[PDB]
Structure formats: structure tokens, C-alpha cells
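Single chain ahead, written as C-alpha cells, the form deposited in one PDB entry.
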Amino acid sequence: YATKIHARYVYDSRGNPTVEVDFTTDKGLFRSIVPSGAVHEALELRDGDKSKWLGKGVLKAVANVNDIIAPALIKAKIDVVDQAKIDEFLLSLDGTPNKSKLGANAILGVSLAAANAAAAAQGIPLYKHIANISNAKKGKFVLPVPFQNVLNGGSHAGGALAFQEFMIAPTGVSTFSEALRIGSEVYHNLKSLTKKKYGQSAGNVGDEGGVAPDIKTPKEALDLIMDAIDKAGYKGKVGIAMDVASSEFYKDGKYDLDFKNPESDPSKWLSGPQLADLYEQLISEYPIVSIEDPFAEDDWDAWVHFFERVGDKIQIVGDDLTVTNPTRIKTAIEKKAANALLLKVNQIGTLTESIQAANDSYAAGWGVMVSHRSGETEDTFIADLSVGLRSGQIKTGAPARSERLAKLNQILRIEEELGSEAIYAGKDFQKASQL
């Protein structure tokens, strides 16, 4: 099926090189771009030549595709519709467990481009191919709740605020079109309120499109967002999600909510139980629907205890905890540490393994939030992935840079194409695969 496979480098949304693959069949040319990657994830290959792109070149990974993968896969004459055989072959070219000989970024571009070639071979949209090969439940397609970054903290902002991301989730409407419109309106009201309260510069955006004013406390951030939802006119219709990224402030088995302060008073660092009390207070006060990485990546007991406290009424999402890694995912399921997975395809390195991880999550009753990376591209693959996997949830940025909006625009085209055969996940996003 594959008659020509060619890779090149292009630039990602932060100005760093990444791998793009042209995958040619008799049905035409199909292109994928790998987002930015990285002990638990598959390893992206960077060149390390400090004199070019500050060591971030990907000419070696590009060459691994053109010089090793392309002639091997072409010679194998594998039907691109058989995604599992394509990926099984890809993995046979690299014997390391983390794809470190060829590069996760070299392997993944080929995996994804073949999926695009296969959809066209069958005359179906990519999300329908993905629904087929992941064995999604038949019925109406489910369009995802966009979990939209609006406000950034932690490592991404000055001021004391320790939590890394605050997102809006427009769940209280009946269509994805309305959800995205309300999301854009709330985001614009938040930018306006941010500039007035924190100054004009505070309205300049970070890597994922959100703002990063100098905020002190979680309550201040959450109040700001609540103010934007109300001023935009959608009080009661917009949930809030947090990505705490608490590994960044885990110290001596406690949690330093002033970790950016070099004088941080250690007598105020919170135990596991005290941080759970704090989250439970915030849950009592705000329409928080999902919390990502509330406890540190290896603080397993803290996750399990917290999940028994709040797990039946809020989504708890592993990111640093699970790293789209089968062994870690199986651990978290068996421990009952969480009930939802961030799915980063370039953390695992092939589409088949990604679909496996998503299906193992669904089988445990977990949710799946298909996720962007900080270094994104104009590629829209994860939009079709979230629809095809029936995840009902996607995390792909603020509504404010086109490597973010390109995914959301693609779901707009999917929604229009499907018409009455699609359903917006709305408040049912946690269990959307079962709708």
C-alpha cells in the first residue's frame, strides 16, 4: 500500500523543530506532524548539536524515517487499513522498550500518517476509521467537551499561585458549536477583566493561549474565572477544571503551596490529608468538575485516599501519574487512584498502543481526555481521535492560537458533517464512551 514515505522537519508552535511525515499510497499523499515530547515515556530523539536550534534539531529522527523505516515498511507491503500490523512492524524496527533507538517522534509520524492513508482507502472520515479500529460502541458519534485553558499559574506565572492550569469546560449546553462559542466569549471576558485588574501586560498569552497574571491564591483565580463566566452571561453553564501539577511542589512528603517563594515557611506546607481538605473546600465553593494531578506522581496513597473522598462526584485525572504508560495505567486502575486518563499519543509512540491504553481505561470505567502537548502544530489528528474514541473530552488549549483552534475548528467540520448523527457529551463527559 505505501509506495513512498518521506520525512522532514518543520517548526512547532514554540519555534522548535519536530518531525513531519509524508505517506504516499495510490490514494494520494497523507501528512502527519508529531507534537513535542521528552523515565516512563517513549523518548523523542533530538540531535544535541548545540550549534543548531540550541541542540533541539530532529535531523537524526528525520533520517531514521527516510533511511531505515521508509524502505523497510515499503518493502513489507502492509495494508495500511491494518493499523495493528503497521504498528507491530514499526515496533519491530526498534528493540528498546521506550523507542530510544529510532525515536518516538520518528515512529509516531509514520503510525499516524498510515491511519490517514487508511481512512481514504476506505472512503471514510478519519474519526470513523478510528472508531472502527478501536471498537467504539456503535450509535451516534459523541463530540467532546473542550477543556479550555484560560489561566496559568505555577511554573508558568509569577506570583505565588501554585496550581499550574485553570480551564473552563462548557458542559451546560446541547451542542459543540454552542460550547465553543460560549468558551470563546468567556475567554474574551476573562482577558478583559484580567487587563483591567492586573494591567495591560497581563493580557499577553502563554504557550497554550491562556493568560498568566500575578495571582496569589487558588480562590483569587477561581473567583476571576467565575466573574468572567457571569459577565459573559453563562452563569451556571460552565464547569471549571484544574491541572494542579502538584509534583512541582511536592517536598519531603508534603506540598508547598508557596513553592515559588525561596523563603517558603515549611510549617505551612500541607500534608496529603490537608491538601485533600483544601480541594474539598474548593469543590464545595466552585463548579469544579475535574482535577488533574492533585497529588504527586509517585504519592500513590494520597491519590487513593483522595479518590475515596471525592471520586464519585468529580473526575480525577492522571497525567504525570500515568504518562500514557500501560504499566502505570494498570497500577492506577488496580490501586483505584483516579478515574480518568490524559492520552498523549506521542508519550507512547503508536496509534495502536494509544488506542489500547484508552480501551484499558474505558474497561475500568475510567474517562479519557485526549490531550495536546505544549509544543503543538497545525496538525489536527487528535480532534478526529477524540471523536473516534468517543472520549467526550479533549484538552487542546485556550481558544487563542491556531495550533489550539485548528483542533477545535476540525471538530466544527466533523459536527457539521454528522448533523443529527452526533451528540455533544455535555455533562456526561466522564462516561462518554458508554453513551
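In case it trips you up, residue 1 is the first one in the sequence shown, and so on. Throughout, rigid core stands for the largest set of C-alpha atoms superposing within 1.5 Å between the two forms.
The protein also exists as the form deposited in another entry; that form is not presented, and the subsequent description refers to it.
Here the two forms are overlaid on the core, and between this form and the one not shown the C-alpha of 154 is the only one among 209, 239, 154, 125 to shift by 2 Å or more.
Residue 257: CA moves 2 Å or more between this form and the one not shown after rigid-core fitting.
Comparing the forms between this form and the one not shown, the C-alpha position of residue 248 differs by 2 angstroms or more, with the core used for superposition. After superposition on the rigid core, displacement of the C-alpha of residue 333 between this form and the one not shown stays below 2 Å.
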